[PDB]
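Engineer: pasting the first chains of the complex, positions unchanged:
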Amino acid sequence: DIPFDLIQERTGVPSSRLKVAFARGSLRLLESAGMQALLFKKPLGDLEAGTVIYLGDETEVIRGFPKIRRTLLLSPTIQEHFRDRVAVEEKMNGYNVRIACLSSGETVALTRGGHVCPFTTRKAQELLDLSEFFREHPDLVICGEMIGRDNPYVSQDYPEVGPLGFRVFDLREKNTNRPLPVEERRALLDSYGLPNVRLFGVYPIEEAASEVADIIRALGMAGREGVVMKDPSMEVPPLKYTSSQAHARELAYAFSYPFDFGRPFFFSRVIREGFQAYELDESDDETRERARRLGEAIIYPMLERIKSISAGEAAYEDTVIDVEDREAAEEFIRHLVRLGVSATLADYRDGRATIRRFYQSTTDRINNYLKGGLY
């Protein structure tokens, strides 16, 4: 049975609360070299969502990666939130991964919710040389973004990393979740040959907003996602800020499968565009480009989707990935399915699996309308 009291001492969450939690968002699972793990789907006390506790020779709390706050404006918000200096890292468009070495010496890659992903743990070890780092720092958790075209979760091609890559943006302690300061983190990771996310600079607080404005303009025309701004000593939480092109990219994806996104969502992205227009557009022409960009990002993917379904095609997206074998592919599919993803293996050859994700809500509703169903 579950050692609630032990968990209570390691988490600061009273055993009573943890039994309340078990009614719903606290799940026991068998995970890693035959070990028993408690996964927190919801925050609870200081424990972030996706926190996972491994019940090994010793008990290890792999804390959830904390939510990062968003700002819609650079000024006065940056000066209002930070103090003295701001570190500005690239926000990579991928999926969040925590890599930890457990007490058993087994290495684990956790998705945001706390599940071990068979695809990700394998690509982590294939792509990263982790052995020396974990021998010297076993109680540090490597927090990074898994990115690439051949990414089964969020596919964006970052040609300077290859078809699939990884970039580290945090080192956090087991149990406490305490982050290393920015510059020390980057240097440490360098000395062990691990890859850091791009850092644009560390700027004096009075110059930071205008520096980010330039950076964002640059990222925008390259189609990169945006920026994460950080207190160099991590005593003040980070802020994220994204580019107009990132918003159009998300909105176009969303209006390609309009009924699979929990309605807004949508309003959230458009509001970003309003405040950004207010702050960053330096001519009417620029605002009219922004308008056009937004209109087409919404209309055309929708139009094509409806056209496509009209012609008999179900809504789906394919991603081709590396797998160990067809069995590994299938195991990954099961993992996606239990996450609530409608997925199947659509093709397989060698170690290349075509993962097909279905968007049935969009297929159903657009079909029903096409057949005379009423709004």
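Structural biologist: Cool, the structure landed. Numbering: from 1, shown residues only, chains lettered A, B, ... in the order given.

Engineer: in this structure residue A:63 contacts residue A:175, no?
Structural biologist: Yes: counting by C-beta atoms under 8 Å, residue A:63 does reach residue A:175; the two are 7.1 Å apart. Yep, even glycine has a C-beta here, placed from its N, CA and C like the rest.

Engineer: which residue of the two possesses the greater neighbour count?
Structural biologist: Higher neighbour count among residue A:63 and residue A:175: residue A:63, with 26 against 16, using other C-beta atoms under 10 Å.

Engineer: from residue A:107, how far out is the more buried one?
Structural biologist: Noted for residue A:63: a distance of 17 Å to residue A:107, by C-beta to C-beta, to the nearest Å.

Engineer: again, but for residue A:365
Structural biologist: According to C-beta to C-beta, residue A:365 stands 43 Å off from residue A:107.

Engineer: same deal with residue A:263?
Structural biologist: In this view, residue A:263 and residue A:107 are 40 Å apart by C-beta to C-beta.

Engineer: more neighbours: which of these two?
Structural biologist: Legend: neighbour count by other C-beta under 10 Å for residue A:263 and residue A:107, higher for residue A:107 (18 against 8).

Engineer: if that one is in a bridge, with which residues?
Structural biologist: Taking DSSP bridges as the rule, residue A:107 bridges to residue A:101.

Engineer: so who does it touch?
Structural biologist: If a contact means C-beta atoms under 8 Å, 6 or more residues apart in numbering, then residue A:107 has A:99, A:100, A:101, A:121, A:124, A:125, A:130, A:134 as its contacts.

Engineer: what about 7 Å?
Structural biologist: When contacts are counted by C-beta atoms under 7 Å, 6 or more residues apart in numbering, residue A:107 touches A:99, A:101, A:125, A:130, A:134.

Engineer: pull the number of nearby residues for residue A:298.
Structural biologist: Applying other C-beta under 10 Å, we find 18 residues neighbouring residue A:298.

Engineer: from residue A:65, how far off is it?
Structural biologist: Noted for residue A:298: a distance of 31 Å to residue A:65, by C-beta to C-beta.

Engineer: for residue A:15, grab phi and psi.
Structural biologist: Backbone geometry at residue A:15, expressed as degrees, to the nearest 10, gives phi -40, psi -30.

Engineer: scratch that, residue A:261
Structural biologist: Backbone torsions for residue A:261, taken as degrees, to the nearest 10, come to phi -100, psi 130.

Engineer: now the helix or strand where residue A:304 lies: how far from the chain's centre is it?
Structural biologist: Using DSSP states H and E, residue A:304 sits in helix A:284-310. For helix A:284-310, the separation from the chain centroid amounts to 26 Å (computed by C-alpha atoms, centre = their mean, to the nearest Å).

Engineer: kindly report the same for stretch A:304-312.
Structural biologist: For stretch A:304-312, the separation from the chain centroid amounts to 30 Å (computed by C-alpha atoms, centre = their mean).

Engineer: for it, buried residues please.
Structural biologist: For stretch A:304-312, a neighbour-count test (16 or more other C-beta atoms under 10 Å) marks A:305, A:309 as buried.

Engineer: with stretch A:76-96 instead?
Structural biologist: A:78, A:81-82, A:85-96.

Engineer: then add chain B to what we have above:
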Amino acid sequence: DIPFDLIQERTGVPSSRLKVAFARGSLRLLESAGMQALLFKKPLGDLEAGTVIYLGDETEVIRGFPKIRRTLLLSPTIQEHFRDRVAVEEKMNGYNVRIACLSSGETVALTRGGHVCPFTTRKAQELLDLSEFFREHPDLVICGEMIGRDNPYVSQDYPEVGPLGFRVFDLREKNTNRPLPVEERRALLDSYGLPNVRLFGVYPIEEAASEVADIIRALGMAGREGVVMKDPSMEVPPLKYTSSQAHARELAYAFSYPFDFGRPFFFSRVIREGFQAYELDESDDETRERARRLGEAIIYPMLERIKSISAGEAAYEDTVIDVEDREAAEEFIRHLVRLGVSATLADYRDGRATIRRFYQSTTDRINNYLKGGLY
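Structural biologist: One more chain to add, chain B, which I have set with the ones above:
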């Protein structure tokens, strides 16, 4: 004390459900003017929202005006829904009004929620010659749209009525809400000199969709809202279908006050544009213009509004109405306030009242962000 058994008799809603709704709402008021009356805020069995029961010498149920289903497509939806023929009336963009002569001999104009609007009651009597009609038809309710640029509730310029006018789109029986057949209704109104909404035609179903498609193209290029489609004998309920220019107008208004509407207002309207692009756009030039209209309708009001609040202005909306005197104006404000509207008389000159609506939600949230508050 409320005669629930009598209301059950006259509405078919069980006593129990009435008492329970009264325990929430379902609300009790005095109107016209030593009459006690019952206002149904929500639907309840066959009774529509905005139903009002007048407890006078006769017990009269002024039924709420029914919701009208919307369609996103002309084909095959019209012929899946209707039977044999389709009457196609212009959809007017104003506000919905029910005019009834009560058993007491008093004439009353109800807005959609069931409230007597003192402004509207006076304007209807000035605009319309009702007395011969109601003397011969005391139990018919006149259902229409009050339209025009100088509107107290929703303003759009309709040249054919001047600053403000009225168009009848339904005659419905007290108590039963039974509507007269379309063509009979139209002739009846003509013979008493009452003004009908435009009726473009009555078409066989096989031709109805391409006919509407042309009407809509005409209404769009003319800035009109759209169309309400109807079974001539009203055996099947009506469908409403709106133009692209209507959607732009709606979105532009909404995004002038983004945090007071929705979140959609946005998703609902945008989706209309997708299907309409698919069915009606003849060329990619048309879809391109559609996307431009959409994006501008979104970005520009939002930008203008952020600018305006950034410069110290609160978010508000002014409309000018022709009133009898300052007293009439001041009466209309009191009415708005007791419905929970944040309104004031911003100005009065020579029979013209400037009615100012405040939107604190938009003001406060845009202000929060502007002062460096976090999303």
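
Engineer: the neighbour count of residue A:298 again please, this time with chain B.
Structural biologist: By the measure other C-beta atoms under 10 Å in any protein chain shown, the count of residues near residue A:298 is 27.

Engineer: how about it, nearest residue that isn't a chain neighbour?
Structural biologist: Nearest non-adjacent residue to residue A:298, counting by C-beta to C-beta, 6 or more residues apart in numbering or on different chains: residue A:255, 5.2 Å away.

Engineer: mind giving me the packing neighbours of the helix holding residue A:304?
Structural biologist: With contacts taken as 3 or more C-beta pairs under 7 Å, 6 or more residues apart in numbering or on different chains; DSSP states H and E, helix A:284-310 sits against helix A:244-254, helix A:266-280, helix A:360-370, helix B:267-280, helix B:284-310.

Engineer: and that helix with helix B:267-280, angle?
Structural biologist: Orientation of helix A:284-310 against helix B:267-280 (axes from the mean of the first three to the mean of the last three C-alpha atoms, to 10 degrees) gives an angle of 70 degrees.

Engineer: return the backbone torsion pair for the residue nearest to residue A:298.
Structural biologist: Main-chain dihedrals, residue A:255, degrees, to the nearest 10: phi -80, psi 0.

Engineer: so which bits of the stretch 51-200 of chain A are right by chain B?
Structural biologist: A:69, A:70, A:71, A:72, A:73, A:76, A:77, A:80 (C-beta under 7 Å from any C-beta of the partner chain).

Engineer: name the SS class of the fourth one, please.
Structural biologist: This means residue A:72. What DSSP: H, G, I helix; E, B strand; the rest coil gives for residue A:72 is coil.

Engineer: hmm, residue A:272 and it touching each other?
Structural biologist: Yes: if you go by C-beta atoms under 7 Å, residue A:72 and residue A:272 touch, sitting 5.8 Å apart.

Engineer: those two - which one has more neighbours?
Structural biologist: Comparing residue A:72 with residue A:272 by other C-beta under 10 Å, the one with more neighbours is residue A:72, at 23 against 20.

Engineer: list the contacts of that one.
Structural biologist: Residue A:72 makes contacts with A:271, A:272, A:275, B:369, B:375, as judged by C-beta atoms under 7 Å, 6 or more residues apart in numbering or on different chains.

Engineer: quick check: the two most widely separated of these?
Structural biologist: Largest separation among the contacts of residue A:72 by C-beta to C-beta: A:272 and B:369, giving 10.6 Å.

Engineer: can you give me the neighbour number for the residue nearest to residue A:304 when sequence neighbours are not counted?
Structural biologist: In space, and not counting its chain neighbours, residue A:304 is closest to residue A:256: 7.4 Å by C-beta to C-beta, 6+ apart. Other residues within reach of residue A:256, judged by other C-beta under 10 Å, total 19.

Engineer: next one: the one 4 residues further on
Structural biologist: Counted with other C-beta under 10 Å, the neighbours of residue A:260 add up to 17.

Engineer: I'd say it and residue A:357 touch.
Structural biologist: No: judged on C-beta under 7 Å, residue A:260 makes no contact with residue A:357 at a distance of 9.7 Å.

Engineer: where's the closest residue to residue A:183 other than its chain neighbours, which helix or strand?
Structural biologist: Nearest residue to residue A:183, sequence neighbours excluded (C-beta to C-beta, 6+ apart): residue A:232, at 6.4 Å. Residue A:232 is part of no helix or strand, with elements assigned from DSSP H and E.
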